[PDB]
Structure formats: structure tokens, C-alpha cells
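Residues per chain, in single letters:
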Amino acid sequence: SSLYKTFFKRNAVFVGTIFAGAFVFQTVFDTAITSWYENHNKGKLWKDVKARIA
Amino acid sequence: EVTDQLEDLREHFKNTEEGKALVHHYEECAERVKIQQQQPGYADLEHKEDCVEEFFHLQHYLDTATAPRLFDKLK
Amino acid sequence: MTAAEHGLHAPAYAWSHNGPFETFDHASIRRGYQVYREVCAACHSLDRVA
Amino acid sequence: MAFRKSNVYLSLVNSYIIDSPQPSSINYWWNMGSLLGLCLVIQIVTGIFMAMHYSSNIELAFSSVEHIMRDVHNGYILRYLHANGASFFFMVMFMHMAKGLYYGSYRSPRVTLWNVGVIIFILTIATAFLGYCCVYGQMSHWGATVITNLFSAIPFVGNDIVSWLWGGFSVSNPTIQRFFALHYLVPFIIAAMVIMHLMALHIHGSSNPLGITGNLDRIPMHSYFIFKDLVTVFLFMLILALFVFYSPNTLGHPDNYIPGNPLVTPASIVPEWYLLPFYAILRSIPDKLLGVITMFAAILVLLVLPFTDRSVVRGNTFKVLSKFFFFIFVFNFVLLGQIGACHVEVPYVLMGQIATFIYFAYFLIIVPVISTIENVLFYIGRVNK
Amino acid sequence: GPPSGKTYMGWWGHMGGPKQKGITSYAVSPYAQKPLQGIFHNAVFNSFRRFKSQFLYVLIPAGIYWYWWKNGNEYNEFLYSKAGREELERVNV
Amino acid sequence: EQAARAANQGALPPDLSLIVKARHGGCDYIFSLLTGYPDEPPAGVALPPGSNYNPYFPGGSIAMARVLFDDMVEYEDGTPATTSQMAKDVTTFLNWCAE
Ligand SMILES: CCCCCCCCCCC(=O)OC[C@H](COP(=O)(O)OC[C@H](O)COP(=O)(O)OC[C@@H](COC(=O)CC)OC(=O)CCC)OC(=O)CCCCCCCC
Ligand SMILES: CCCCCCCCCCCCCCCCCC(=O)OC[C@H](COP(=O)(O)OCCN)OC(=O)CCCCCCCCCCCCC
Ligand code: HEM
Ligand code: HEM
Ligand code: HEM
Ligand SMILES: COc1c(O)c(C)c(C/C=C(\C)CC/C=C(\C)CC/C=C(\C)CC/C=C(\C)CC/C=C(\C)CCC=C(C)C)c(O)c1OC
Ligand SMILES: CCCCCCCCCCCCCCCCCC(=O)O[C@H](COC(=O)CCCCCC)COP(=O)(O)OCCN
Ligand SMILES: Cc1cccc(-n2nnn(C)c2=O)c1COc1cnn(-c2ccc(Cl)cc2)c1
């Protein structure tokens, strides 16, 4: 409602926020996807086999 | 001490009569071609009987029965 | 052609790397090089692997 | 006036993708032509980045494709997007031509627009053949042997074209080096034919599924069809990504992972899936010179289509008999691809011969007879007498 | 340059149709209509209605070409078996 | 190549870097090829001198004999090295060599 120049009114905030979030989203989506993949396949990676030959 | 797992399952599914229907069908083929190949004269021939078709019918059933059942027995 | 000239059809075993979310089993890659070095390398090459 | 209408360069963009008048009743079958412009861009960009690492010598060609797969950083993404993108490029073009065969887009005044489209289709087949021989697998050597031997049957000039295509006495090192240089070039001839294609479209515009005049209700291109073009682009890139990342060798053949050998022949020689209907037309003719004529006549018979349609209504929306025989022709084209992937045996030499007869009898017999029957049926069902 | 040969389409203002007189049109803004109204009564029924019209022009040509392939296929498997060994002869040549 | 055919009675054993992706079947074909040699051929067949029967090979007769038997290697982790166990591990290793 009364948040529009805080959100998406300005030409330089319509592209000055979707370019701002384009790096914040770039690193937190990359970390959470990698964290899910290495627990669905836990026990088969090289990190788990090298700790078994200790 | 432990034999290999694929030949253990290959005989346990030969202990069904679904298997004995195909075991006996191939053994009947083998005893027809062997009262043959000793009768007097061959290299007379241009075509004679094999048992390759009856072989594959028994092999196909054994792989439908042991393929989803094996890799839980291996490490 | 006949089924003798085509070959038998291989069945569908359940490999641990089948699926869209699966990884190779690195303990079965390690043991697989031990069977290559002792049984297989007497007649076959592996020329593409550094 | 606005700056986008007075500039020399911005006015061409404004007159083509911004203020272009469109019929407001076109459906999602009119989205295939923009999607083919995205397919040409992906093939040119991924091929230029792969040409930096490729060697065209016959003793280095197979191993340099392996170098891209194993050593180049993200090199497997470039090849898989390139080899699977060519199948997606041919799938949309088969759906693009079938729409204009349905809605009657070949008739006057769009005959020149249909004739430039046939030239693009021949250059796209020639492009995919030349690049498939550059991998130099075992399918690449024997597919290039069979095709180039067909030109030795031309009367009184046959042992010249084939010795000029080979650069020698067989498919050898001069053949692979000249096939890559021609493969760089024909994608730029296709892009110039695409520019001439859109010029003939701008003077008359598009048709509509009703098949009547559309000058009574028009909406602009911008803000209405750009967001409808955007829907099928995101569907295209998602199904393409499912093949590149989850099943990248399904639309291929495992014999292309063997290096090519002139002294060992494979047990089964089969082309890619989009050349299988035309491969089966060739093997049906027992002559050798008559076989190579019929396979090229299967693409040039699309140019007789403005002359054999004798109907007075444009399209297939209200034509009962013409809607039945349109799907006889479609499934006969899927039966022709299945025959061309089988062995040459004896239920199949007669199935592939009758199905080649249905291909040519649709254009020259079935269309001009069914067209005039519906002209008389529309007349006596209305005129009270 | 010069003007070229005439076509059957124009531009905004002179599109080239018949003259109109006596037709009225009305519309309401998208900002006043409810979000995603035509999502039901659309494909669960409409496209279930449009399929039922145009399906019998597809399924009868499809059934002839799938009967021809399945019946021609099972005669090839018979000719390359042991029971079909004599009929492979006198047919191929 | 002449020295390879000289030790294998004319036959040439191929390179195993891309053998998974160059065969109809993939991982299922290389596993079933090794654990598929019969103890005796079917009745009626006639093999050439110096051949072996394997029904997964097109034609029936192959120039490679059976090379996997029980307890021929000794694993470091302690896994029992049976015929099907060792044949599983080469196919997992060889699929990595291709991909
Ligand atoms: C491999 C290449 C991948 C990319 C290919 C792109 C798709 C090509 C398919 C060809 C095609 O476009 O045919 C469309 C045809 C007629 O289209 P129509 O305008 O009459 O129906 C618009 C309707 O009002 C929804 O229109 P709507 O306004 O709802 O748009 C939203 C719709 C968009 O998705 C698509 O339609 C993409 C095809 O999504 C939704 O429905 C939301 C659901 C919650 O629909 C049909 O008649 C169905 C026939 C099946 C076609 C199969 C082709 C065989 C290969
Ligand atoms: C020389 C080479 C030339 C190429 C030859 C042809 C190659 C075949 C390529 C296959 C894709 C072509 C199939 C679709 C063809 C376009 C059909 C079309 O344009 O739409 C017609 C129809 C629209 O419906 P209506 O407009 O009539 O609705 C009533 C409104 N009053 O919409 C429909 O009826 C669509 C119904 C579903 C069609 C798809 C069915 C499956 C087609 C077989 C595909 C097989 C792939 C292996
Ligand atoms: C319309 C455009 C194009 C089409 C349809 C096309 C088609 C093909 C096809 C089907 C292959 C075989 C790939 C395989 O089966 O693995 C190939 C290979 C290749 N193409 Fe293209 N191509 C196009 C444009 C280009 C362009 C412009 C270049 C410019 C350099 C290029 C470079 C290559 C290269 C280097 C190969 C090497 C083998 C490989 O990467 O697999 N392509 N092309
Ligand atoms: C790289 C190849 C091609 C490209 C980029 C292309 C592009 C286009 C585009 C953008 C349109 C505008 C209408 C629409 O989007 O559907 C169109 C229409 C058309 N195309 Fe193509 N096309 C190509 C190949 C072909 C081929 C192979 C044919 C026929 C053999 C063809 C025949 C036509 C016809 C007749 C129309 C007009 C259809 C109508 O207005 O109803 N084009 N094309
Ligand atoms: C222990 C692991 C081994 C594996 C996984 C393996 C695998 C294979 C494979 C996949 C083939 C090709 C089958 C085909 O062409 O379709 C082959 C062929 C062959 N292998 Fe092996 N092999 C092994 C060991 C050996 C050994 C110890 C020898 C010793 C003489 C040998 C000799 C051959 C020969 C002569 C051929 C050619 C067969 C033919 O072309 O008829 N292999 N092997
Ligand atoms: C109503 O009808 C329509 C209509 O529906 C549409 C969609 C359009 C929209 C137009 C199109 C879809 C046309 C598509 C355009 C093309 C296909 C142009 C051809 C493309 C090229 C020639 C590609 C250009 C080449 C490159 C970009 C080379 C790239 C290589 C690079 C960047 C390597 C760089 C190297 C280093 C080291 C940086 C119309 O114009 C139109 O008519 C009114
Ligand atoms: C196969 C050939 C394809 C044909 C190309 C057609 C499509 C080309 C247009 C694509 C967009 C490019 C437009 C550039 C942006 C507008 C340029 C401009 O403002 O015009 C010029 C800027 O001058 C330049 O330096 C042009 C640089 C060209 C750069 C080429 C990469 C301004 O010109 P001017 O002020 O006179 O505008 C007329 C007002 N009545
Ligand atoms: C034979 C064979 C055997 C194995 C792989 C291939 N092959 N060649 N290229 N591609 C992509 C492919 O699959 C091929 C070629 O098959 C065909 C079929 N028709 N054509 C053809 C048609 C017109 C022109 Cl101008 C050129 C060629 C080529």
C-alpha cells in the first residue's frame, strides 16, 4: 500500500532492487541447494570414504 | 564360506514350477537332437535343429525374476 | 534377424546412481580400480584417463 | 513523433516487434516462428565457443571432441546443448510447416513466403549432415559413404561430383577438413534467408484460424504478444534443460562413441530420427538413379501445393473431408520413419513402398479431388432448387 | 524511395477493410477485475469440450496406422523363429 | 595393434575408456556379459576352435573367456570378493571413466 517507493515505484528502484537482490539471492540459493544434495547422498561421497580409511 | 549370490538366486527361482515348465521344455529339445548327430551321415544336411530358442526362453524368465532382487545382497 | 544374431536382452538391475538425485558410490569406484589392476589390465587399455 | 519512429534504425524495430498489427484471434500455433529464432541463436553461439577447441584433422577429430567433454571448463554443457539443440530445432520446424499446411498459409498472396521457406528447409538438412560427419565416429564414416556414393549414378557426369566431394578416392582426410569449413558457413546463409523471410511477411501479415480477413480487429505486438511469446520460451528452455542435464544421450546412437574405421562395417546403419522418413523413400526404389531423384522430389513436391488446392475457402477449420485426410498424411509420415529404422526384410519392403505412394498421391491426387468435391457440396446444400 | 505495388494490408488508420458504422464496444480495466477468474470453467470443462468435438478426426486415422504396424510386426517375428523356418524360404526370393 | 592380435589369436581386445556409452544397454550390458558365461553351450550349436559361448554377445560366440572367479582378489575394506561382487565394482568404476 503505502510502501511503493520503498518497493517498486522508482524506475531506478524497479531495476535498482531486482539487480540488488540478484546477488543476495545468487549466494543463498547456491548454498541451500548444495546443502540438500550432500545429505540426500550421505555416505557415498569422498568425504565419507576418506574418514573410513583413517 | 559364502558362495556368489547370483547363482544362489538362479537356482531358488529354478525351484518354482514356473521354472520347471521351462527346464523340462529345454531338456526335451536336447534329447531330440542327440538321437541325431550320430545317425549315419551328416554333412548331408543343409539345416538341422538347435536348442537356442528354448535356451533363451529359460534365460529370459530367470532375469525377470532375479534383476530387482540382487543388489540388496551385494555391498 | 533372429534372436541368436541380435543377442540376449540385458535386464534392469537397480544401480545406486540411477535417478535424478543420485551420486556415484565412491567406495565402489575405489574397489573397482583394484579389479582393473589385478584382472583386467593384462589385455585392456585405459588410454583416456589421466 | 516519437524517437522510435524517426530514427533510421529504431523504426525497423518499432515496425516489426512493437507496433506491428496482429490478428487478435491467433493461437499458440503462431508462436513457433519466434521460437525458431531462438533456436538459431543457441546453435550459433554454442558452436562458436566449441570451435575454439576443435581440430578437423582425421586423426585428431574424434579425440578433440573428447577433450571438450573432459578438459574444457563446463565443456560438457556446450556439447550437450549443441547436440540436443539440433533435435529441438527440427521438432519446431516440423510443427511450423504443419501449421501452414493446415491453415492454408501457402495460398495467395503468401506464395513467395512459402517458397523461401522450402529453401530454408533444404539448407537446414545440409547443415546437420555436415556437422554430424565432423565428430568422425563410426556412424559418421558410413553415413558419409552411403550418401556420397549416390551421386555416382548421374548419367554422363557421375565420377566427377563424387571425386570432387571426396578430394580423393574415398571418405578420407580431405573430406573431413572441407566439411567443417562448409559447416561454419551455411548457418550464415540461413540467417540471411530468415531476413528475406520476414520481409515477405511484413507486406501482408499473418493469417488467422478463421481464414478470413483480419483488417477489422487488430492489436499491437507490444504488451500483448510479447508476454504470450514469453510463455512458450520458458516452456522451451525447461524441456530442453531436462534433456541436457538428465538424459543427454537418449536422442543419439552409441556407435558414434567408436572412432571411425574404413575396414570394419557396423551391423546396423541408421540415421538420426529426423532423416528416417526420407531414408525410407530412398530404399523403396530398386534403381540407383531413380532412388536419388525420388528422395529429392519429396521436398520439391511442396512447391506444387498452391496449384493443386482447388478450394475457395482458405484453411481446414470448416472442411470435414480435408480434416480427415490431413491426419492420414501425418501418421503416414510417422510410419515412414519407423520403416527407415528397421531391417530390410519381407514384411517391410512392401509396407515402405505403399507408404511412399501415399506421400506423393496426397499432393497430386487427393488434394485436387477432395477440394472440388467440397465446392459442389457447399453449393447444392445452400441453393434452393 | 518510390511507392511499390499495392497489398491487401495497410497500417493504423488505413488498414484497408470495409467502412464501419453502428458498432459499439465496451471494456473494463485489468486492475478492476478479479485475479485469475477464468482458470475454472476454462480447461477442466472448455478444453474438455473442445477435445470432444475434434478427436474423431484424429483417432480413426491413428487406429488404421497402428493396426497396420502391429499386424505387420508380428508376422516378422514369426518368420524368424523355428516354426517359421520353411516360410522364410519361398517368400524372400 | 599387431602385438595385441598376436597374443589373442587374431582378435583385438578394445579400449575400455568409453565402453559403457558405446554399447546398447550401458551398465546393464557390461555386468551381464561377465556373469553370463554358461557352464556348457546349448545342445546343437557348433563353436569354432578357440571360442566361448555367451548369449549377450550378438552371434553367440565370443573370443573372451571367463575371467572372474571366487576369491581371486582380496579387498582392503574386508568385503567378500564373490563373482557378482567384483563384477559390480568394475562396472561402477568403468562408468566413471566414461562420465
Ligand atoms: C518440444 C518443444 C517444446 C516447446 C513446444 C511448445 C508447445 C508446442 C505445442 C503446440 C501448441 O502450441 O498447440 C497449442 C494447442 C492450441 O492452443 P490454444 O491457443 O488453442 O489453447 C490456449 C488455451 O486457451 C490456454 O491458454 P492460456 O491463456 O490458459 O495460457 C496459459 C497456458 C500456456 O501454456 C501453453 O498453452 C503452452 C502450449 O498454460 C495453462 O494452461 C495454465 C494451466 C494452469 O493446444 C492443443 O491443441 C493441444 C494439442 C497438443 C499439442 C501437442 C503437440 C504434439 C507434438
Ligand atoms: C515435409 C515435412 C513436413 C512435415 C510433415 C508433418 C510432420 C508432423 C509433425 C507433427 C506435429 C504436427 C501435429 C500438429 C499439426 C498442426 C495442427 C494444427 O495446426 O492445429 C489444428 C488443430 C486446431 O484446432 P481447431 O482450430 O480446429 O479448433 C476448432 C476452432 N473452431 O489442432 C489440433 O488438432 C491438434 C491436435 C493434436 C495434434 C498432435 C497429435 C499428435 C501428432 C503426431 C505427433 C507424433 C510425434 C512422434
Ligand atoms: C543451424 C545451425 C547448426 C546446426 C543444425 C548444427 C548441427 C550440428 C550437429 C547435429 C552436430 C553433431 C553433434 C553431435 O552429434 O554430437 C554438429 C557438430 C558440430 N558443430 Fe554444429 N550446427 C549448427 C551450427 C554450427 C556453427 C555455426 C558452428 C560454428 C563453428 C558449429 C560447430 C560445430 C562443431 C565444432 C561441431 C563439432 C562436433 C561436436 O561438437 O559434436 N555448429 N553440428
Ligand atoms: C529458420 C527457419 C524459420 C524461421 C525463423 C521462421 C520464422 C517465421 C515467423 C517469425 C513467422 C511469423 C508468424 C509466426 O510466428 O508463426 C513465420 C511464418 C511463416 N512461415 Fe516461417 N520460419 C522458418 C521456416 C519456415 C519454413 C521451413 C516454412 C515452410 C516450408 C515456413 C513458412 C512460413 C509461412 C507460410 C508462414 C506464414 C504463416 C501465417 O502467416 O499464417 N517458414 N515464419
Ligand atoms: C576383468 C575385467 C574385464 C572386463 C570388465 C572386460 C570387459 C570386456 C568387454 C566389455 C569387452 C567387449 C565386449 C563387446 O565387444 O561387446 C571385452 C572384450 C574382450 N576381452 Fe575383456 N574384460 C575383462 C578382462 C579380460 C581379460 C583378462 C582378458 C584376457 C585375455 C580379456 C580379453 C578380451 C577379448 C579377447 C575381448 C574381445 C572379444 C571379442 O571381440 O570377441 N578381457 N572385454
Ligand atoms: C508477426 O510476425 C513477426 C513475429 O511473430 C515475430 C516474433 C517477429 C520477431 C523477429 C524474429 C523472431 C527474428 C529473429 C532474428 C534472427 C533469427 C537474426 C539472426 C541471428 C543471428 C545472425 C545471430 C547473430 C550472431 C551472433 C550474436 C554471434 C554470437 C557470438 C559471440 C557473441 C562470440 C563472442 C566471442 C567472444 C570471445 C566474446 C517479427 O519480426 C515478425 O514480423 C513482423
Ligand atoms: C542484416 C542487417 C540487419 C539490419 C539491422 C536492423 C536492426 C538494427 C537496429 C538494432 C538496434 C540498434 C539501434 C542502435 C540504437 C539507436 C542508435 C541511434 O540512436 O542512432 C543514432 C546514433 O548514432 C550512432 O552512433 C549509431 C550507432 C549504431 C550502433 C550500431 C551497433 C542517432 O541518430 P539521430 O539522432 O539522427 O536519430 C534520428 C532522429 N530523427
Ligand atoms: C545414411 C545415414 C546413416 C547414418 C547417419 C546419417 N546421418 N547423416 N547426418 N545425420 C545427422 C545422420 O543421422 C545418414 C544420412 O541419412 C540421410 C538421409 N537423407 N539424407 C540426406 C538428404 C538430403 C541431403 Cl541434401 C543430404 C542427406 C541423409
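Residues numbered from 1 in each chain as written, not as in the entry; some residues may be left out. Chains lettered and ligands numbered in written order. Part of a larger assembly, values for the part shown. Heavy atoms only, no water.

The deposited coordinates for this entry were obtained by cryo-EM, with a reported resolution of 2.58 Å.

### Description of the interface of chain F and chain C
Between chain F and chain C, the contact holds 40 residues from the first and 33 residues from the second. Note on chain F versus chain C: buried area summed over both sides is about 3,000 Å², and carbon and sulfur give 64% of it. The three residues of chain F that bury the most area against chain C are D28, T92 and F93 of chain F, which together make up 19% of that side's buried surface. Our enumeration of links across chain F and chain C arrives at 3 salt bridges. Between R31 of chain C and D77 of chain F there is a salt bridge, and its shortest N-O distance comes to 2.9 Å. The interface formed by chain F and chain C includes 14 residue pairs in polar contact. Among the secondary structure elements, those contributing two or more residues to the side of chain F that touches chain C are α2 (27-34) and α3 (83-98) of chain F. The biggest single contributor to the side of chain F that touches chain C is α3 of chain F, with 12 residues. A per-class count over the side of chain F that touches chain C returns 22 nonpolar, 10 polar and 8 charged. (Contact = heavy atoms within 4.5 Å. Buried area = accessible area lost by both parts, 1.4 Å probe. Salt bridge = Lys/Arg side-chain N within 4 Å of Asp/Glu carboxyl O. Polar contact = N/O pair within 3.5 Å; in protein donor to acceptor, adjacent residues only side chain to side chain. Helix = DSSP H or I, 4+ residues; strand = E, 2+ residues; numbered from the N terminus. Nonpolar A, V, L, I, M, F, W, Y, C, P; charged D, E, K, R; others polar.)

### Things to note about the coordination of the iron atom of ligand 4
All names here are of chain D. Here the iron atom of ligand 4 is held by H96 (NE2) and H197 (NE2), and the distances to it run 2.7 Å. Note that the iron atom of ligand 4 binds 6 donor atoms; their angles at the metal cover 75 to 179°, and the shape is octahedral. Note that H96 is positioned in helix α5 (residues 75-102) and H197 in helix α9 (residues 173-202), a separation of 101 residues in sequence. We classify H96 as partly exposed; its relative accessible area is 26%. (Donors = N, O, S within 2.8 Å, 3.2 Å for Na, K, Ca; no water. Tetrahedral: all angles 85-135°; square planar, octahedral: opposite > 155°, others 65-115°. Buried < 20%, exposed > 50% of the residue type's maximum accessible area, 1.4 Å probe, protein only.)

### As for the site of ligand 2
In the region of ligand 2, the neighbouring residues are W29, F94, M95, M97, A98, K99, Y102, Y103, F333 and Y359 of chain D together with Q54 of chain E. Chains contributing residues to the immediate surroundings of ligand 2 are chains D and E. At 3.5 Å from an oxygen atom of ligand 2 is found a side-chain nitrogen or oxygen belonging to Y103 of chain D. At 3.0 Å, a side-chain N or O of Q54 of chain E approaches an oxygen atom of ligand 2. Within the complex, the protein chains bury 67% of what would otherwise be the 1,100 Å² of accessible surface of ligand 2. Of all the elements, α5 of chain D adds the most residues to the shell around ligand 2, at 6 residues. Considering only residue class, the shell around ligand 2 consists of 9 nonpolar, 1 polar and 1 charged. (Near = heavy atom within 4 Å. Areas by Shrake-Rupley, 256 points an atom, 1.4 Å probe, with all protein chains shown as cover.)

### Here we look at the pattern of salt bridges
Here the structure, examined in full by the defined rule, presents 10 salt bridges over all chains. Its salt-bridge partner being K82 of chain E, residue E54 of chain B comes within 3.3 Å of it at the nearest N-O pair. With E54 of chain B in helix α3 (residues 52-66) and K82 of chain E in the segment after α2 (56-79), this residue pair bridges two chains. A relative accessible area of 8% places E54 of chain B in the buried class. Between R30 of chain C and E76 of chain F there is a salt bridge whose closest N-O contact spans 3.5 Å.

### Remarks on a nonpolar patch on the surface
Residues and elements named next belong to chain D. Side chains of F3, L10, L12, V13, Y16, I17, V194, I195, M196, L198, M199 and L201 sit close together on the surface and give an oily, nonpolar patch of about 1,000 Å² of accessible area. Secondary structure elements with two or more residues in the nonpolar patch: α2 (10-17) and α9. At 6 residues, the largest contribution of residues to the nonpolar patch is made by α9. By secondary structure assignment, the location of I195 is in helix α9. (Patch = residues over 30% accessible without salt bridge, like charges linked within 9 Å, V, L, I, M, F, W, Y side chains within 5 Å.)

### A word on the side chain of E272 of chain D
Residue and element names in this part refer to chain D. If you trace the backbone, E272 turns up in the loop between α10 (226-246) and α11 (276-282). In this structure, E272 is buried with no salt-bridge partner, the nearest side chain bearing the opposite charge being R79 at 9.2 Å. Excluding residues that lie within four positions of it along the chain, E272 makes contacts with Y132, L251 and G252. (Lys, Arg positive; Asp, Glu negative; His and termini not counted.)

### Some details on the site of ligand 8
Residue and element names in this part refer to chain D. As a matter of local geometry, ligand 8 sits amid 15 residues, with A128, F129, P271, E272 and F296 nearest to it. Take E272: an N or O atom from its main chain is 2.7 Å from an oxygen atom of ligand 8. Within the complex, 92% of the 610 Å² of free accessible area of ligand 8 lies under protein. Going through the elements one at a time, α6 (111-132), α7 (138-148) and α12 (289-300) are the ones with two or more residues in the shell around ligand 8. Tallied by class, residues from the shell around ligand 8 come to 13 nonpolar, 1 polar and 1 charged.

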